[PDB]
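Residues per chain are reported as follows:
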Amino acid sequence: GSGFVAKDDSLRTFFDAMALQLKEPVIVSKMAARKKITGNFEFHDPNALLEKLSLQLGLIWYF
Amino acid sequence: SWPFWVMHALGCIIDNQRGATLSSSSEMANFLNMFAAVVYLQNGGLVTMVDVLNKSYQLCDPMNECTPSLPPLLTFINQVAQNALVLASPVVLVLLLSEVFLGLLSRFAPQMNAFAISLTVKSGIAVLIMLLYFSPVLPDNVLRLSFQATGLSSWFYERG
Amino acid sequence: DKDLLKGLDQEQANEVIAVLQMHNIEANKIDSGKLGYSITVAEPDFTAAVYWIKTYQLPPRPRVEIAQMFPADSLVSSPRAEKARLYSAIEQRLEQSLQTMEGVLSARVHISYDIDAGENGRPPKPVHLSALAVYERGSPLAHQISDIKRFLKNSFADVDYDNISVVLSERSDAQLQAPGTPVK
Amino acid sequence: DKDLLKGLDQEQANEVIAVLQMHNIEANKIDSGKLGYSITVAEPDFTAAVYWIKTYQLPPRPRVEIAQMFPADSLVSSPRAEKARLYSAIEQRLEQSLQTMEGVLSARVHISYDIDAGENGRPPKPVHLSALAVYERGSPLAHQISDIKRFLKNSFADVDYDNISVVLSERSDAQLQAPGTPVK
Amino acid sequence: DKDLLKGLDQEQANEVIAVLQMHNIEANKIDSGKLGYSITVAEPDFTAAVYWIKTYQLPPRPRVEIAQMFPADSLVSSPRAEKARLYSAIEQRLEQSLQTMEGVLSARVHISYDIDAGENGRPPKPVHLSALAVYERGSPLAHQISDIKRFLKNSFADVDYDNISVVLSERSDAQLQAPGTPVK
Amino acid sequence: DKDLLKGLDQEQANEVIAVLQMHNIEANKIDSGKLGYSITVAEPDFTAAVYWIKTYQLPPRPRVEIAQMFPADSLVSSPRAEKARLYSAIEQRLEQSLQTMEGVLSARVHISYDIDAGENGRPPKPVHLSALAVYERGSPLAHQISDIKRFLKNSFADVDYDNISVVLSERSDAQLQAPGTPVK
Amino acid sequence: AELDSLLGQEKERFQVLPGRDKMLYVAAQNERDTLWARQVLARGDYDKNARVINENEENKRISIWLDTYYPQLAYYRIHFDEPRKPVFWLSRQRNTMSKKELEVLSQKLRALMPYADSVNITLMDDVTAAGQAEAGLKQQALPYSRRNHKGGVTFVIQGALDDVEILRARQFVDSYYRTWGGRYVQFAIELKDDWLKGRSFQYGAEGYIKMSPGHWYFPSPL
Amino acid sequence: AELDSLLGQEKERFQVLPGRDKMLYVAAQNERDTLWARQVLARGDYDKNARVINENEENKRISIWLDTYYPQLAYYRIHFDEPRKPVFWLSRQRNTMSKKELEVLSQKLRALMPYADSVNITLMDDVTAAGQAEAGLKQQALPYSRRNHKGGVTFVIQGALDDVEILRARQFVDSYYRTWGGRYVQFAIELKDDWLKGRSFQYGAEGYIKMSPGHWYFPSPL
Amino acid sequence: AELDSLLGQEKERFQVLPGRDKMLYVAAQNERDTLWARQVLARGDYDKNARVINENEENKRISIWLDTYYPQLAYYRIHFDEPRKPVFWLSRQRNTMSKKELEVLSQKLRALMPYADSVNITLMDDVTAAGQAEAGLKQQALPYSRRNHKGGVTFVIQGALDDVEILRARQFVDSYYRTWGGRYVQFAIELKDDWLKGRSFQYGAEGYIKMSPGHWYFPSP
C-alpha cells in the first residue's frame, strides 16, 4: 500500500520520504549526506526500520 | 592556445611561400591570429575557456600530485602540424604549379629572368586563391579545433 | 487538326492528355522524335482546349528540390549548404517510403529548415514536419491519421505530436469511358 | 496501336505492367535496342491508361540514398560528410537484414541523423528508428511486432522502446488470372 | 516466349528461378554470353510472374558492406574511417564463423558503431551485438540461444547478456517437385 | 542437362558437389580452361538443386581476414593500422595450431580487438577469446574442453578462465554411398 | 456472348442478378473488383444494359433517399449477405412506427433495389449495441473513456499510445464497423503526448480526485 | 483431363471433394499450397468448376454469415480435420438455445457448406478453455496478469522479457490459437521498458515522482 | 522395379511397410535420411503411391488429431521402436478412462496409422516421471529450482553457468526429451550475469551488496 522505490538516492532525498510515516521532519547532516542507497523499501513499521538501517548503514540519530 | 597556434602557423606559411620573408636566410600571420581570436570570442568563447579550468579542479585537486600524463604529450607537436599543413593545402599548390608553369616559359625563352617576375605575380595569387575559401571554409575549423572540457580526462591523472 | 502545344516531352504529354480527356475533348499525341511530342485537338474543341490550358496553367514545370540549388559539383561547400543538402535528401526519402503503405497513392512530406542556430551560441530549435497524402477511396480515413504520425514521430531527433500536421484526402472518381468524337 | 511510354528502364517497365494488369487492361512490352523498352496498349483502354498513369505518377523515379549526395570522389571530406555516409550504409544493411526474417516480403528502415552535435560542446542526442514491413498473409501480425523491436533494440548504441516505432501490414489480394482482350 | 528480365548475372538469375518455382510456374535460363542471362516464361504464366516480381522486389540488389563506403585505396584515412573498416570486417568474420556450427544454414550479425568517440575525449560506450539465424528444422531451437550468446559474449571487450539479442527461425518447407507445364 | 553455375573455381566446385551429393542428386564437374568450372545436373533433379542453392547461399564467398583490410603496401602505416595485422596473425596461427590436437578436424578462434585503448591514458581492458571446434565422433567431448582452456589461457598476457568460451561439437554422419541416377 | 463469360477466369468473385427494370446488376464484393467489372462495362463490349453494385456504395446510395423521405429515422446498417433478400437492421427503442407503417417502408425500399425481391426489416436492441462495443474495447486491454448521451454513445482513446495499442485498436474498429456501422457508436482514436493515457487527476488535502473528462490535457514532462 | 493429375507429383497434400451443386473442391493445408492450387485454377486447364478451400479462410468466411443471422452467439472454432464431417464447438454456459433450434443451425450450416455431408455440434465447457491456457502459461515460467471480465478473459504479459522467453511465449500462443481460436481468451504480449525510467518514486495512494533531488511531480497516484 | 532397390546401396537404413489403404510406407530415422527418401518419391521414378514417415513428425500428426476429438487427455509420447506394433504411454493419476473406453481409443487410433497392426497402451506412473528428472539433474551438479503446480512441473536453471554446464545441460535435456517429451516436465535454461564480481556483500537473512564503499543495495526479499 505504501513504500519508496530508491534508485541511487543520497540519504537526504531518502529520509525525507520517511518524514510522513514518521510524524516529525528529519534533518540529515552534510557528512552523512554522501552515502547512497538503492532498493525497494516499505514503510510499515518505521521506528524499527530506522533503527535497523542506522546500524547497518552506520548512523546515529536523536529525537 | 591550440587554434590560435595553428592559425598563426597558417599565416606564416602563406607569408613565406610568396617571398616577403626571405630576409632571414610578420603582419599577415598576425592578422589571422587576431581574426581567429575574435571569431572564437564571439560565439561562446569565455564560457568554455573558464569551464576547462573549472573541470581541472574536479580532476586535479592538489595534495594528490596530478601530472600532465606524458605518453599522450609526445604527439602534441605533430598534432598541430598535421592541422597546419592540410589547412595550408590549396594555396601552396597553386603557387607551386604557377612557378613551374613559368619555368617552362623560361625554358622557352632563355633570357627572361623569370625569377624577378615570380615575386610580382605570386603576391596577387596568394591572396586571390585564398579569397575563394576565406569566407565559407576557414571559420568553422576555428570552432572545431577549440579544445573542449570533456577531453580533460585524457591529459591528466592523479598520483595517489 | 490544329496543334496547340509542341516541343513537349514524355512526362508532360501524359498529363495534358489526362487533363483534356477528363473534360470531354479528344486529343492526338503526335511524336516527332528528336523534337519531342506534339498535341492536336479537333477544330470545335480548340476554343475549349485553350481555356482549359489557361486555367490549369499547362504545361507543368519540373518539380524543384532544395538540393538542386546547392549542387555537389562545386569546389567548396559551406555548412549551410551541407545541412540543406542533407535535409533535402531525407525529405525525398520519406516521400518514397510513404508510398509503400497500404492504400496511399501519393504523398508529400515537408521538413522545417534551420539555418541560424548552427553557427551561433543559440541552441537548435524544435523540428516541425508537415505531410499531405492521397488515399484510395473506400477507406475510413479518420483512423489512418495515427499510423502516419506514429511513423513520422521517431523518424527524427526530437519532435512532438503537435508539431506534425497530416492533411489527406481520397482520390477522385475514376475516368474510364472515352470522350467521343465531334460529329458535324 | 498507340504508345504511351517509351524510353523506360527495365525495372521501370515491369512496374507499369504490374500496375496496369491489376486494373484489367492489357499492355505489351516491346524492346527497341539501345533506346530501352516501350509499352503499348489497345484502342479502348487508352483513356483509362492515361488516367492510371496520372494517378500513380508513373514512371517511377530511381530510389534515392543519402550517400549519393556525399560522393567519395571529393578529396576533402568533412566530418559532416563522413557520418552521413556512415549512417546511409547502416540503414541499408539493416534493411537488407530485415528481409531474411520469417515471412517478411519487404521492409524499410529509417534512422535519426545527428551531425551538428559533435562540433560544439553539446552532448549527443539519443537515436530514433522507424520501420515499415509487408508480411505474407496468414500471419498473426500482432505478435511479430515485438521481434522486430527486440532485434532493432541492441543493434545500436542505446535506444529505448519508446524511440522504436514499427508499423507493418499484410499484402494485397493476389492477381493470377489474365485480363482479357477487348473485342469490338 | 515473353521475356521478363535480361542482362542478369549468375546470382541474380538463381533467385528469380527460386522464387518463380515456388508459385507453380517455371522459367528458362537462357545464356547470352556478354549480355548476361535471360529469363522467359510462358504466356498464361506471364501475368502471375510479373506480379511476383513486383511483390518480392526482384531482381535482388547486391548486398552492401560498410567497408565499401570507405575504400582502402584513399591517400589519407581518418580515425573515424579506420574503425569503421575494422568493425565492418569483424562483423563479416563473425557470420562466417557462425555457419560452421551444427544445424545452422545462414546467419547475420550486427555491431553498434562508435562515432563521437573518434573526435572527442569521452570514453566509449558498451558495444551491442544482434544476430539472426536460420536453423535446420527439427532442432530444439529454444535451447540453441544459450550457446550463441555464450559464443558471442566474450568475442569483444565487455558485453553483457542483456545487450545481445538473437532472433532465429526454422527453415521453410522443402520444394522437391516440378511445377508442371501449362497445357492448353 | 541444364547448367546451374559456371565460372566457379576449384575450391568452390568441390563444395557445391559435396552439398548436392548429400541430398541424393548427381552433379558433373565440367572444366572450361581459364573460364573456370561449370556444374550440370539432370532435368528432374533441377528443381531441387535450385532450392538448395538458394537455401545454402551457394557458391561460398572467400573467407575474410582482418589483414586484408590493412595492406602492407601503404606508404604510411598508423599504429592503429598495425595492431590489427598483429592481432590478425596470432588469430590465424592459433587456428592453424589447434588442428594438431587429437581428434580435431576444424577450429576457429576470435580475439577481442582493441585499438582505441592505445592512444589514450586509460589502462587496457582484459582480453577475451572465443573458440569453436569439430571433433570426430566416439570421443568424450565434455572432458576435452579443459585442455583447450589450458592451452589458450597463457598464450597471451592475462586472461581469466571465464573470459574464454569454447563451443565444440561432433561431426555429422558419413556420406559414403552414391546418389543414383534418375531412371527414365 | 453472355456477361458472365466476359469477366475473368473464375466465375466465383462476381454474381449476375436480373433486374426488374430490364437491367443486369453485377454484385462485386470489394473495391478492387468493382473497377475490374467497371472497366469491362466501360470499354463497351456488351450490347445490353448493366450496372455494377457493391456493399459499401449501395449502402450509401439508399441513405440519400432515406434522409429526404424519412427523416428522424433510427437505423444502423443494411446487410447484403444474400443479395436477393437483404436485411434492414432497424432500431427498436427509438421508433414509433406500427405494422402498417413499416410495410410502406418495406415496399418503398423494395422499389429502390430492382434486383431484390423483398426486404426483411428486423429490429435490434440498443443495449447490445453498446455492450458488444464495451466488451470488445475491454478485451484488448485498451485505455478508453465512455461518454453516454442521448441518441448515441462515443468512446474516446487519447494519449501517447505505443505501437501495439494502435494495431490492436485499428484491427477492431474496422471489424466492428462492418457489422454495425458508425451511426450509433463512434470511436475517437487520437494521439497526443501524455503517458497517462486519457485519465487525469488533481491532488489536494485528502489524496487524489478524478476530474471530469474534458478536452484540455496536461502535456507530460518525463 | 482429370483434376488429380493436374496437380504435383505427390498426391498427398491435396484432397478433392465433390460438391452437391456441381463444383469440385480442393482442400489445401496452408497458404503456400493454396497458392499452388490457385495458380492451377487461374491459368485454366480444367473446363469444369472448382474451388480451393482452406481452414483459416473458410473459418473467416462463415463467420460473416454468423455475425448477421445468428448474433450474440458464443462459439470457438470450426474444425475441418475430416472435411466431410466438421465439428462446431459451441459454448455451454453462455447460450440459451434449446434442443430444437440447434437442428436448424445444423441444417443452415450444412446447406451453407456444400462439401460437408453432416455437421456435428459439440458443447465445450467454458472453464477448461481458461484453465488450459493458464496451466500452459505456468510451465514456461512467464510473468503474466489475468484480467477476468464478463464474456472473455485477457492475459497481459508486459515488462522487459529476454530473448528466450519471447520465443518460448511465441511458440505457445500459436499452438493455442490453432486449437481454441481467438474468440474467448486474448493474449496481450507487450514489450516496453522500465516505466518511470530512472526516477525514484513513492508509490501508492499518495504518489510523487522525483524529477531531481529538488523537484517533485504529482501525477496520478502511482 | 520394386521400391527397396531404388534407394541407396546400404539396404539397412530404410524399412518399407505395406499399408492397409493400398500404400507403401518408408520409415526413416532422422531428417538427413527423410530428404533422401523423399527425393526419390518426389522426382517420380516410381509408378504407384508411397509415403515417407518419421518418428517425430508422426508424433505430431496424431497429436494434432488428438486435441480435436479427445481433449483433456494426459499422455506423454507414442513410441515407434518397432513400427508395426507401437507403444502408447498413457498417464495414470490424471485420467478416469475405464477398460471399456480404452478399447475405443485403441481401435480409433488403429485407423489413423494404416501401417500398424495394433497399438499397445500401457499406463505409466506419474511420480517416476518427475523423479527421474530430478535425480538426473542432481547428478550433473547444476543449480536449479523446481516449481510444482497442478498438471505439470517445471525446472528453472539460472545463474552464470560456465561452459561445461551448458554442455552437460544440453546433453542431458536432449537425452531426456527423446524419451518422455515435453508434455509434463519442462526445463527453462536462462543465463544472466553475476552482480557480485568485485563487490563485497553480506549474505543470509539481512543480505545486501555494497556496490561501492559508500553505496548499499538491499535487494528484494
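Residues numbered from 1 in each chain as written, not as in the entry; some residues may be left out. Chains lettered and ligands numbered in written order. Part of a larger assembly, values for the part shown. Heavy atoms only, no water. Residues with missing side-chain atoms left out of burial classes, pairs and counts.

Participant: For the sheet that holds strand 2 (residues 28-31) of chain C, give the residues involved together with the corresponding values.
Facilitator: Residues and elements named next belong to chain C. The strand order across the open sheet built from 3 strands is 1-3-2, with neighbouring strands paired in antiparallel fashion. Only two strands of the sheet have a single partner each, and these edge strands are strand 1 (2-8) and strand 2. Within the sheet, the average angular offset between the axes of one strand and its neighbour, ignoring direction, is 25 degrees. Bridge analysis of strand 2 against strand 3 (residues 37-41) gives 4 bridges, and the strand direction is antiparallel. When the sheet's bridge partners are listed, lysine 29 is paired in strand 3 with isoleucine 39. Most of the contacts of helix 2 (residues 46-56) go to strand 1, to which it runs at about 35 degrees, and overall it touches strand 1 and strand 3. (Pairing = 2+ DSSP bridges. Helix = DSSP H or I, 4+ residues; strand = E, 2+ residues; numbered from the N terminus. Axes fitted to C-alpha atoms, helices over the stretch in contact; angles between N-to-C directions. Contact = heavy atoms within 4.5 Å.)

Participant: Could you give an account of the domain arrangement of chain I, with specific residues and numbers?
Facilitator: Residue and element names in this part refer to chain I. What the domain assignment reports for chain I is domain 1 (1-53), domain 2 (54-124) and domain 3 (125-194). Just the C-alpha atoms count here: the centres of domain 2 and domain 3 sit 26 Å apart. In this complex, domain 2 contributes 14 residues to the contact, which on the side of domain 3 involves 11 residues. Of the roughly 1200 Å² buried between domain 2 and domain 3 on both sides combined, carbon and sulfur atoms contribute 46%. Here domain 2 is connected to domain 3 by 3 salt bridges. Among the salt bridges present, the one from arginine 92 reaches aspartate 125, with a minimum N-O distance of 3.7 Å. The interface formed by domain 2 and domain 3 holds 8 residue pairs in polar contact in total. Taken together, the elements giving at least two residues each to the side of domain 2 that touches domain 3 come down to strand 4 (75-79), strand 5 (87-91) and strand 6 (120-124). Of the residues forming the side of domain 2 that touches domain 3, the biggest block, 4 residues, is contributed by strand 4. Of the residues contributing to the side of domain 2 that touches domain 3, the split by class is 6 nonpolar, 3 polar and 5 charged. (Domains from an automatic or database assignment. Buried area = accessible area lost by both parts, 1.4 Å probe. Salt bridge = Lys/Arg side-chain N within 4 Å of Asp/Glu carboxyl O. Polar contact = N/O pair within 3.5 Å; in protein donor to acceptor, adjacent residues only side chain to side chain. Nonpolar A, V, L, I, M, F, W, Y, C, P; charged D, E, K, R; others polar.)

Participant: Account for the sheet that holds strand 3 (residues 51-53) of chain G, with residues named and values stated.
Facilitator: All names here are of chain G. The sheet built from 3 strands is open, its strands ordered 1-2-3 with mixed pairing. Every interior strand has two partners, whereas the edge strands, strand 1 (16-18) and strand 3, have only one. Within the sheet, the average angular offset between the axes of one strand and its neighbour, ignoring direction, is 35 degrees. As judged from the 3 bridges shared by strand 2 (residues 24-27) and strand 3, these two strands associate in the parallel manner. Looking across to strand 3, one finds that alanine 27 is bridged to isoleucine 53. Running at roughly 175 degrees to strand 3, helix 2 (residues 31-43) makes contact with strand 2 and strand 3 of the sheet.

Participant: Residue-level account of the side chain of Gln144(E), with values.
Facilitator: Looking at the element boundaries, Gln144(E) is found in the loop between strand 5 (129-135) and helix 4 (145-153). Owing to a relative accessible area of 7%, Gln144(E) belongs among the buried residues under this scheme. For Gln144(E), the side chain forms a polar contact with the side chain of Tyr135(E), separated by 3.3 Å. Contacts of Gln144(E), omitting those with residues within four sequence positions, involve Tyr135(E), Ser139(E) and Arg170(I). (Buried < 20%, exposed > 50% of the residue type's maximum accessible area, 1.4 Å probe, protein only.)

Participant: Could you give me a rundown of the pattern of salt bridges, with the residues and numbers involved?
Facilitator: For the structure on display, the rule yields 84 salt bridges over all chains. Two residues, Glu91(E) and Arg93(D), come together in a salt bridge whose shortest N-O distance is 3.1 Å. Here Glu91(E), found in helix 3 (residues 80-96), pairs with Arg93(D), found in helix 3 (residues 80-98), and the two come from separate chains. Across this residue pair, the class does not change: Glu91(E) and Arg93(D) are buried. Among the ionic contacts, a cluster of salt bridges with common partners joins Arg93(C), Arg63(D), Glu65(D), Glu91(D), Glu95(D) and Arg61(E).

Participant: Would you mind going over the environment of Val16(E) in detail, with residue names and values included?
Facilitator: All names here are of chain E. Residue placement: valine 16 occurs in helix 1 (residues 10-20). Assessed through its relative accessible area of 0%, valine 16 is described here as buried. Once residues within four sequence positions are removed from consideration, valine 16 is found in contact with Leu5, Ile39, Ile53 and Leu58.

Participant: Account for the arrangement of the chains, naming residues and giving values.
Facilitator: For chain C and chain I, which are not in contact, the least C-alpha distance works out to 31 Å. Where chain G comes nearest to chain I, the C-alpha atoms are still 25 Å apart, and the two do not contact one another.

Participant: An account of the interface of chain E and chain F is requested, with residue identities and associated values reported.
Facilitator: Each partner contributes residues to the interface: chain E has 53 residues there, and chain F has 56 residues. Elements with a minimum of two residues in the side of chain E that touches chain F: helix 1, strand 2 (28-31), helix 3 and helix 4 of chain E. Of the residues assigned to the side of chain E that touches chain F, the class counts are 22 nonpolar, 14 polar and 17 charged.

Participant: Quick rundown of unusual backbone geometry? Include the residues and the values.
Facilitator: Following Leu58(C), the chain continues into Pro59(C) via a peptide bond in cis, with omega recorded as 0 degrees. Counting through the fold element by element, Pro59(C) comes out in the loop between helix 2 and helix 3 (80-98). Backbone geometry at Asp8(A) places phi at a positive 60 degrees, although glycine is not the residue there. Mapping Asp8(A) onto the fold places it in strand 1 (residues 4-9). Residues other than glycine seldom take positive phi values, yet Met63(B) does so here, at roughly 55 degrees. Relative to the helices and strands, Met63(B) resides in the loop between helix 3 (46-59) and strand 1 (66-67). In this structure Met63(B) comes out as exposed when scored by relative accessible area, which is 74%.

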